[PDB]
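Here the structure is laid out as structure tokens; the discussion comes afterwards.
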Amino acid sequence: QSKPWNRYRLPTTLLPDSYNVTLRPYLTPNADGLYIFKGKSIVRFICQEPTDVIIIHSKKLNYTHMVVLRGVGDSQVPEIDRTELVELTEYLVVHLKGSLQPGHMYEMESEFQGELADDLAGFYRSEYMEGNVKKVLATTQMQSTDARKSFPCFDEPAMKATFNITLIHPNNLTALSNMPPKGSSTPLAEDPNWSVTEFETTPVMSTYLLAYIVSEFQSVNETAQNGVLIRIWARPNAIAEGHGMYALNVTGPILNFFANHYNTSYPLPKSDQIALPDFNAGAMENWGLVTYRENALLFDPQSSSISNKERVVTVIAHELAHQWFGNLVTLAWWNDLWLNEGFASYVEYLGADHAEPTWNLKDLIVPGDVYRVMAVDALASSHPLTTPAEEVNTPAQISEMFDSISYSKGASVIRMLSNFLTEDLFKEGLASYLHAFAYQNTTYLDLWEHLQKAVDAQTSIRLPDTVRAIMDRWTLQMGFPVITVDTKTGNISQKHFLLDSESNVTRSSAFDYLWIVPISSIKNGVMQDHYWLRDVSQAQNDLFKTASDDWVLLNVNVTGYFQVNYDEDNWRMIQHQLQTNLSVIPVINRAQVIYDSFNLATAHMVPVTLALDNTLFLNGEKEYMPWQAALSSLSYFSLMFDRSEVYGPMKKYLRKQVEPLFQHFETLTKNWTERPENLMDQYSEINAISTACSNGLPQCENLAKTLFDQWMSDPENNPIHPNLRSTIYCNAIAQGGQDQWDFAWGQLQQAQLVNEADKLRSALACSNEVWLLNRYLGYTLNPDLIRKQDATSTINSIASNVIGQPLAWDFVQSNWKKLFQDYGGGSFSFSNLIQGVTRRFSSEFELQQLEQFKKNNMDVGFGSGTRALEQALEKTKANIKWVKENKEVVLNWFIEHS
Amino acid sequence: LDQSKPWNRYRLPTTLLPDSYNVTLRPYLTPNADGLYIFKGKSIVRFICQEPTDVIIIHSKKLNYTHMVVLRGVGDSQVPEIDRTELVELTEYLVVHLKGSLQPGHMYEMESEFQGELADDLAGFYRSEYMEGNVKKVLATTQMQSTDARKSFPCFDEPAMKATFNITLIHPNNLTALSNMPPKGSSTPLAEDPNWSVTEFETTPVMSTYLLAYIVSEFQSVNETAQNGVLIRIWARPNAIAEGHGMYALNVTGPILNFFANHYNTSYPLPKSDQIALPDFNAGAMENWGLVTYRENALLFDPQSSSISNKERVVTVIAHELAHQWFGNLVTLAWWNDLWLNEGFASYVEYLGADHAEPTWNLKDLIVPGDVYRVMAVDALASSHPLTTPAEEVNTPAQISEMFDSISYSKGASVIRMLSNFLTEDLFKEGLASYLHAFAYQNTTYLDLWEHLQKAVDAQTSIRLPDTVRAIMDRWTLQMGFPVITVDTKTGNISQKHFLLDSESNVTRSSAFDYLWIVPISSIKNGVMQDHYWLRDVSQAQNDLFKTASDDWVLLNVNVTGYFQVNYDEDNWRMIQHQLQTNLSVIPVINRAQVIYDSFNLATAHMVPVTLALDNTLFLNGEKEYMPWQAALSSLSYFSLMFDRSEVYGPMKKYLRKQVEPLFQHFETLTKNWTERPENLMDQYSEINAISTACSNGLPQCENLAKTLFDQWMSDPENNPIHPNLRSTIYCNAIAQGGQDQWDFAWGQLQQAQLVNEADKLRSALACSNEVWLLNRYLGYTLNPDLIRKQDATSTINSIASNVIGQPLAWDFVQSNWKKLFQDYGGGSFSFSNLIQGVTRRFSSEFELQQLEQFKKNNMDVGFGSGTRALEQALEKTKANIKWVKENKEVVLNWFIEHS
Ligand SMILES: *[C@@H]1O[C@H](CO)[C@@H](O[C@@H]2O[C@H](CO)[C@@H](O[C@H]3O[C@H](CO[C@H]4O[C@H](CO)[C@H](O)[C@@H](O[C@H]5O[C@H](CO)[C@H](O)[C@@H](O)[C@@H]5O)[C@@H]4O)[C@@H](O)[C@H](O[C@H]4O[C@H](CO)[C@H](O)[C@@H](O)[C@@H]4O)[C@H]3O)[C@H](O)[C@H]2NC(C)=O)[C@H](O)[C@H]1NC(C)=O
Ligand SMILES: *[C@@H]1O[C@H](CO)[C@@H](O[C@@H]2O[C@H](CO)[C@@H](O)[C@H](O)[C@H]2NC(C)=O)[C@H](O)[C@H]1NC(C)=O
Ligand SMILES: *[C@@H]1O[C@H](CO)[C@@H](O[C@@H]2O[C@H](CO)[C@@H](O)[C@H](O)[C@H]2NC(C)=O)[C@H](O)[C@H]1NC(C)=O
Ligand SMILES: *[C@@H]1O[C@H](CO)[C@@H](O)[C@H](O)[C@H]1NC(C)=O
Ligand SMILES: *[C@@H]1O[C@H](CO)[C@@H](O)[C@H](O)[C@H]1NC(C)=O
Ligand SMILES: *[C@@H]1O[C@H](CO)[C@@H](O)[C@H](O)[C@H]1NC(C)=O
Ligand SMILES: *[C@@H]1O[C@H](CO)[C@@H](O)[C@H](O)[C@H]1NC(C)=O
Ligand SMILES: *[C@@H]1O[C@H](CO)[C@@H](O)[C@H](O)[C@H]1NC(C)=O
Ligand SMILES: *[C@@H]1O[C@H](CO)[C@@H](O)[C@H](O)[C@H]1NC(C)=O
Ligand SMILES: *[C@@H]1O[C@H](CO)[C@@H](O)[C@H](O)[C@H]1NC(C)=O
Ligand SMILES: [Zn+2]
Ligand SMILES: [Zn+2]
């Protein structure tokens with residue numbers, strides 16, 4: 001560990017200035033069936049401190065000494081002793097016979113070769129059909145640490161430089177990169193069948209934002225209001241069919257919106273958006289060349305759903321948000337990832353709302369992010385938004401940082417921050433921040449300084465403490481408080497929300513798990529004065545003290561990142577209001593009441609009957625979010641109980657509650673022919689239909705059967721509205737047999753819209769026949785049938801089926817080596833797989849099997865799913881206790897109310 | 001522990017031998033303050049000293065003593081002082097250390113007083129319970145075999161140590177007391193308390209401890225004196241007797257006893273033979289001399305509600321138990337390593353006795369699907385064992401319990417039938433009569449049997465053998481396994497080799513006979529019998545009997561009388577196939593089954609291409625008889641276990657639908673739309689299988705039938721419209737098609753069932769649900785004695801595991817509840833072994849093997865008791881399954897697709 005090349009962080013002795021990179025992809029296999037790329041690069045770097053070793057990143061590259069070292073101007077150049085590759089720390093190491101001089105620059109040259117693999121990382125290959133022709137293209141994904149997989153570089157985000165990219169490609173293919181082309185392409189001297197395309201120099205930026213693509217893709221375009229050229233690229237067929245039109249509608253105006261909102265121009269002449277058939281995450285914010293999954297950019301007005309449409313605008317908005325938060329201004333290191341991802345996850349709502357103002361999509365942050373992340377942030381094995389820099393060291397640890405904490409808690413905490421500052425004041429602070437650190441890097445402390453500057457120049461908004469004092473507690477310690485109110489005395493208290501008394505908190509907090517909390521409140525339907533709970537375990541205020549015929553609720557619209565519990569009497573008054581006139585309570589807080597009480601019940605802080613009682617009013621609820629809250633909450637109940645005697649009465653209860661909503665949606669939609677007008681009501685319909693069919697409501701089963709029967713009789717004319725397809729497809733396959741399954745499989749393999757393929761993949765997992773589900777699992781590891789990008793999500797879908805649960809858990813264990821080698825170093829997929837197949841575990845036996853699984857595979861380890869496994873273990877232990885203590889009361893409650 | 005001390009060895013010393021026992025027992029049929037049911041006892045055993053010893057070692061298990069022993073002399077005997085007494089739990093001994101040695105040639109009497117629990121554990125003196133109206137009834141009953149006599153009173157508890165027994169029962173004055181013998185005089189009030197009475201019984205014959213029985217209950221009886229003067233009584237719950245459920249047993253029991261008496265020229269020596277049905281009982285029945293005990297589904301019968309299969313079970317189990325009166329009771333095995341001398345014989349001559357009571361059934365043929373091919377599946381393993389194992393291998397109680405298996409019962413019956421067949425039963429029974437007369441009230445080994453059979457052979461001329469009886473039968477008895485006989489019909493070349501599954505099969509049990517057999521070979525050529533042949537103990541021979549012209553075919557082992565399987569060259573196989581296609585009638589029906597059985601078994605062991613076996617099912621399209629279809633169903637059952645979670649399953653079910661549909665349609669017509677059963681037993685069995693197969697593979701006509709009838713039953717539950725023969729299938733398929741409504745209805749019927757036959761069909765059918773939550777809830781019930789009797793717990797678990805959806809549920813269930821399962825059944829005949837086998841049957845992957853290995857490792861501390869060999873066989877079979885599935889799955893998939 002005393003040798004620098006055996007440590008995961010680079011030395012500070014050398015800093016890069018600029019790169020020349022030329023890459024040449026071969027889109028046809030050689031004799032060994034390998035797709036390869038060849039490359040050559042020159043990096044210019046400066047020596048800051050004397051050193052006799054050059055340490056630079058290199059991953060899965062073969063060198064054809066491995067480097068040539070030259071000097072810039074004055075520099076005296078030491079001889080190369082030897083060069084070696086250190087694979088563990090992913091280094092190319094150049095041992096010298098003498099030291100480099102400080103203040104002096106050097107240029108290092110290399111020639112290399114790597115595989116154009118189907119692994120979705122570095123420079124990789126993507127494939128599709130066009131008619132009967134197999135097409136292969138070359139594309140990139142550098143984040144987090146795979147730029148090193150395409151050329152040797154100082155591969156850390158803060159070490160910014162300019163890049164001069166050249167692509168050598170077949171003369172009838174299009175070459176794309178971050179910047180526009182520099183002049184025209186020229187024929188490759190040795191062979192005019194190839195062309196050479198040089199691109200303009202990049203801005204000072206991070207290695208992980210580099211991109212370059214060689215394909216036959218086509219585009220549509222428009223110049224945006226701020227003069228920036230927007231293009232939408234995709235497979236020729238998708239463009240011809242008009243599937244890029246929607247992205248073109250929204251991209252430019254959203255880019256222009258952010259520039260104005262943050263008073264900071266986008267400094268590139270273009271922003272390309274491109275849809276790839278093979279892609280790991282949802283998208284990637286490469287500066288000037290934003291890459292996308294097809295289901296995140298393309299859109300078919302006749303075949304895509306309102307949900308698909310919403311995904312497209314928010315992912316685009318998210319990626320464009322990064323152009324400021326990530327690209328222009330970049331985290332100093334991955335331990336501060338939320339500076340990138342937290343902001344993009346919040347700012348995406350702002351951008352998307354600008355493009356689709358009628359949706360009220362800003363409200364979707366509460367189910368989508370706030371309560372999404374609280375499930376994990378309640379664990380002792382969570383982590384704070386900003387982790388200690390030394391905890392984030394290996395590539396696996398970096399990958400795992402891309403989680404619901406960095407994204408969703410980051411967005412939630414930032415919304416709370418915006419809300420008590422006002423967005424007007426917030427964006428002034430952010431503008432100051434962006435201008436000051438443009439083309440550089442930041443930490444969380446830099447953010448506070450510019451927000452504080454804004455608050456101090458300003459007299460209308462007042463705070464109980466400095467921005468840092470308040471925000472350090474939401475940022476540097478994990479978790480969140482439960483705020484408890486005694487409405488008889490107005491006593492208000494706070495404590496760290498934890499699942500168990502068993503929960504063993506070992507991460508020490510310098511802030512003693514106390515927060516400064518912004519508390520809004522509403523009494524008898526009328527807004528009260530704002531209040532700030534200081535960093536103390538308890539306080540008192542008459543705002544929270546009620547008369548016996550009054551009621552209060554705190555955290556209006558759940559702007560604050562916390563949950564609320566009341567005394568039993570105030571809960572009863574809330575319940576009575578929801579029966580008498582639920583309109584008096586804001587719709588989001590109707591959801592809150594369900595979310596919080598179930599979550600409290602999960603942690604045995606309130607009786608379970610409280611949570612269940614809070615769903616009784618849903619009988620007469622039409623609106624999206626309170627129903628969403630109940631479905632999300634009872635989803636945990638299903639996972640715990642859908643293999644027990646509780647399941648029968650639970651479904652009976654759900655049938656009873658949802659039937660009136662189903663009937664409501666049967667009439668207003670005119671027998672399902674006319675969709676509801678606005679987004680929320682369309683979402684409401686989708687959930688009602690899903691719930692009705694999921695819980696066996698006969699009217700829904702017959703609807704699904706009839707529609708799917710009709711489709712099979714006329715395959716070219718799909719009679720099912722896109723909004724309804726996921727439920728109709730699933731229920732019909734569940735009701736049906738092999739005829740339905742094989743039909744849908746045929747539709748899947750010929751699908752020409754990814755949205756539709758996505759729905760088919762999920763519905764196929766709904767079979768009630770073991771042999772079909774197991775045969776399906778077998779397909780997931782066959783790239784001809786299921787793309788690698790979709791393998792884990794399909795496995796998770798099958799595991800969600802109660803009959804598929806043991807099949808998938810067995811499958812995952814038996815195929816672990818392949819699954820780990822393919823995904824175990826990546827973000828999202830691997831972690832989601834582990835969380836997915838272990839969600840149900842609620843017995844000592846299941847826990848022992850998880851522990852045995854862990855022991856069996858310890859030597860290799862669990863890579864970017866290491867924290868996921870720990871959380872999986874903690875949550876199963878908690879589930880064991882909760883099921884044991886809750887089963888009897890829950891069973892009886894369902895029986896009595898159904 | 002110190003093996004130099006006799007109280008630390010499992011076998012008793014031979015220094016002391018029992019003469020007679022006095023045993024007084026008093027069951028308390030109401031619990032004490034702690035909720036314990038107990039029994040109190042007093043016993044005196046008289047024994048002789050054969051050789052000088054300063055220690056008395058006697059068996060004792062779970063008894064509390066109130067030293068623990070008083071030792072007295074008979075007349076002259078020099079009586080040593082007792083130094084001290086101790087209980088050694090591991091070897092289940094009461095140990096009396098003496099000052100100086102007992103005197104050889106002289107007798108002693110040893111008295112003890114003791115207490116034990118009347119547990120619900122089905123062993124020793126235990127309790128059984130049932131409802132009568134709204135009153136909970138409790139009774140006391142016994143089960144001593146293999147070695148729980150010691151659990152009721154201290155005794156020399158080994159089968160060869162016979163004695164007479166004077167039993168006294170102290171019981172409530174309004175309950176009936178039964179034992180082996182009739183009462184001696186009247187009952188008398190208990191002196192201290194006339195609410196109790198005292199019943200002394202007549203002295204038993206000289207017999208083994210494991211045959212003792214005594215019962216205290218409210219039961220009633222029907223009776224009849226048999227043709228041989230013996231009183232027969234049928235005992236059961238008062239309500240069962242009142243409804244006439246004991247009548248069929250009364251019809252057949254006496255005649256079967258008289259038949260055996262005459263057949264073996266050996267009279268039954270006791271004045272009575274009681275048969276009694278118990279609500280709680282481990283095995284099928286037990287042959288206690290004078291008081292035969294039974295599961296209710298083995299003795300009782302309702303002509304309106306029981307099936308023909310239920311009927312066949314009753315008469316064959318009774319015949320089996322009565323068979324034991326000679327083979328087991330009168331003449332007893334010397335030690336448990338020769339168990340087949342008891343059980344092989346009872347499993348064979350049960351067919352003879354049942355055929356006497358029901359001669360129209362032709363039930364003797366049922367030995368082929370029931371015993372021969374049943375046991376071959378396991379006897380194909382390196383981890384099998386011979387009929388007679390080395391005595392030193394059968395030592396502990398777990399090992400003794402383990403011997404009660406398909407080898408000792410089913411291979412035993414098969415080999416004995418083979419023996420009977422080549423001696424002729426007339427000659428056989430003459431040798432057996434000589435055997436019984438010579439060893440009456442004593443004990444035997446396999447060698448004693450050959451000697452008397454040989455004497456019969458030598459005293460005649462018409463029947464010829466190629467060697468001594470011992471030379472032939474030692475090879476079938478002392479080494480495990482069986483040969484595959486392979487013939488090249490172009491040359492007449494015939495050869496034999498030990499049948500094993502894999503090329504990795506690791507046989508470590510050495511054979512002094514080099515795994516060669518002397519084999520009786522019958523044959524048929526183009527439908528006409530050929531001269532008989534014996535293959536000698538040689539790996540290869542040649543005979544023109546087995547050489548055919550290209551126009552001819554031959555088949556060996558007519559009616560599968562011999563315990564072996566047969567393979568032919570491909571051209572002879574093709575000729576057989578052509579015969580089956582052209583005119584199947586030319587081939588004897590049992591041999592049509594054999595063709596299927598053998599070809600699938602060879603396919604399983606990679607000895608023939610799988611396509612051969614599958615091709616041999618193509619003619620079933622036009623087959624109407626029971627046994628060839630049974631062969632296919634039993635054979636494809638393995639395919640189902642291997643493939644019902646794979647892409648093969650769809651095409652497999654499709655093929656089976658296609659094949660069974662004409663048979664379904666045949667019976668729909670013949671039975672006049674299912675209203676009239678076929679006349680004979682075999683055709684009734686064929687209908688049952690046709691219906692089961694059609695529904696299980698999703699034939700829509702059958703599915704419609706089951707839903708319609710079950711809907712009709714639910715609309716009028718007191719008038720069940722489903723004929724008993726069809727209930728198992730109809731119930732199952734309706735439950736599978738249906739939901740919670742059907743399940744809860746069936747559960748209600750089960751918990752109010754007054755007939756165990758019906759309860760059994762309901763239990764099995766409830767396991768057919770396709771809803772995980774219903775199956776898992778059901779599993780929870782199986783360890784609740786209020787809902788599922790302990791006697792039915794493991795069979796119910798096995799039914800659920802057979803459901804492809806229930807497989808992971810039951811495997812997890814068994815693993816997570818193993819501690820309770822082991823201490824309840826691990827000691828422990830039939831149930832425990834069956835449970836391990838049932839839940840692991842499907843394993844065919846490296847992952848499943850690893851999981852089974854880990855399971856083994858996890859519980860090695862306690863061990864696996866009477867399921868130890870079963871676990872080793874499970875592991876061996878899993879390993880073979882991995883290889884077979886890997887190498888067969890492609891050909892099997894393509895075959896089913898093409899032919900469906
Ligand atoms: C598949 O193979 C089988 C043979 O294994 C074929 O069956 C044979 O078919 C023959 C042609 O019909 C038939 O023919 C002739 O039979 C009777 C005499 O039969 C009686 O005695 C003999 C010997 O004892 C039979 O074994 C005996 O058995 C059978 O029939 C009984 C019922 O009556 C039994 O109940 C039954 O179980 C058993 O099958 C039988 O009792 C003669 O009367 C007959 O003469 C008449 O037909 C002649 C024309 O061929 C003649 O010219 C006329 O003048 C006169 O009307 C005689 O020819 C065999 O009996 C029969 N064998 C067996 C064992 O059944 C079967 O046909 C074939 N299947 C196909 C599709 O080809
Ligand atoms: C990539 O190309 C750019 C643009 O030509 C180069 O940037 C120049 O670098 C030189 C040498 O240090 C400077 O003197 C110029 O001011 C830069 N030109 C500009 C900013 O227009 C850069 O050196 C190249 N990168 C390399 C060679 O690694
Ligand atoms: C059980 O009772 C029998 C029959 O009464 C006893 O058998 C007698 O035993 C004596 C003493 O050895 C013999 O001399 C008689 O011949 C036996 N009578 C018979 C066979 O009718 C037997 O002793 C008793 N068992 C005991 C006391 O343990
Ligand atoms: C990199 O490319 C630029 C533009 O072609 C060129 O001027 C420069 O010399 C190259 N840098 C080197 C060779 O270090
Ligand atoms: C890299 O080198 C290794 C070892 O020579 C080889 O296995 C691999 O195929 C090479 N990859 C290339 C040339 O892309
Ligand atoms: C990171 O940014 C700071 C300015 O906030 C700058 O001083 C520092 O040099 C940067 N680090 C690197 C490696 O360029
Ligand atoms: C329920 O409360 C709302 C206020 O949000 C009010 O508009 C409505 O009139 C109330 N309902 C009734 C029946 O008055
Ligand atoms: C056994 O019982 C019989 C009958 O009561 C009695 O004659 C005999 O003495 C008893 N044996 C003893 C007490 O050893
Ligand atoms: C035997 O004695 C043990 C030790 O106290 C006791 O636990 C058990 O209940 C007793 N059994 C009886 C009295 O049947
Ligand atoms: C067992 O039977 C043999 C005769 O076959 C006999 O000699 C021997 O004494 C018996 N053993 C015992 C313990 O009675
Ligand atoms: Zn992002
Ligand atoms: Zn028996």
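All chains are named by letter (A, B, ...) in the order of the sequence lines, taking the proteins before the strands, and each is independently numbered beginning at 1. Side chains are part of it too, since the values below use all heavy atoms of this structure and drop only hydrogens, waters and symmetry mates.
We find that B/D121 and B/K151 are joined by a salt bridge, their nearest charged nitrogen and carboxylate oxygen being less than 4.0 Å apart. Salt bridge status for B/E451 with B/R470: absent, with no side-chain N to carboxylate O gap under 4.0 Å. Salt bridge status for B/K790 with B/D280: absent, with no side-chain N to carboxylate O gap under 4.0 Å. Using a 4.0 Å cut-off between a side-chain N of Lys or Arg and a carboxylate O of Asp or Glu, B/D792 and B/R789 do not qualify as a salt bridge. A salt bridge is defined here as a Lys NZ or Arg NE, NH1 or NH2 lying under 4.0 Å from an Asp or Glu carboxylate O, and B/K856 with B/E872 meets this definition. Ion pairing of B/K883 with B/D502 is absent here, as no side-chain N (NZ or NE/NH1/NH2) approaches a carboxylate O to less than 4.0 Å.
Judged as a salt bridge (charged side-chain N to carboxylate O under 4.0 Å, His left out), not a single pair has a partner in residues 324-347 of chain B (not counting sequence neighbours).
Side chains of B/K879 and B/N506: no donor on one and acceptor on the other come within 3.5 Å. Using modelled atom types and a 3.5 Å distance limit, the side chains of B/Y597 and B/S635 yield no donor-acceptor pair. In this model, a donor atom of one side chain and an acceptor atom of the other lie less than 3.5 Å apart for B/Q630 and B/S634. B/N803 and B/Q807 are not linked by any side-chain donor-acceptor pair at a separation below 3.5 angstrom, with hydrogens and angles left out of the test.
Under the side-chain contact (heavy atoms from CB on, under 4.5 Å) rule, B/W340 has a single partner from B/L333, B/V415, B/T477, which is B/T477.
Residues satisfying the side-chain contact (heavy atoms from CB on, under 4.5 Å) test with B/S866, not counting sequence neighbours, are B/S401, B/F832.
Summarising the geometry of B/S384 relative to B/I407, their closest heavy-atom pair is OG-CD1, 3.4 Å, with the distance given to 0.1 Å.
A cation-pi arrangement is found for B/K877 relative to B/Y638, the charged atom lying closer than 6.0 Å to the ring centre and inside a 45° cone about the ring normal. B/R842 forms no cation-pi arrangement with B/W811, by the criterion of a distance under 6.0 Å to the ring centre and an angle within 45° of the ring axis.
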Please walk me through it: do B/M144 and B/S152 pass side chain to side chain contact (heavy atoms under 4.5 Å, CB included)? CA-CA 8 Å; B/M144 308 311 190; B/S152 187; 4.0 Å; yes
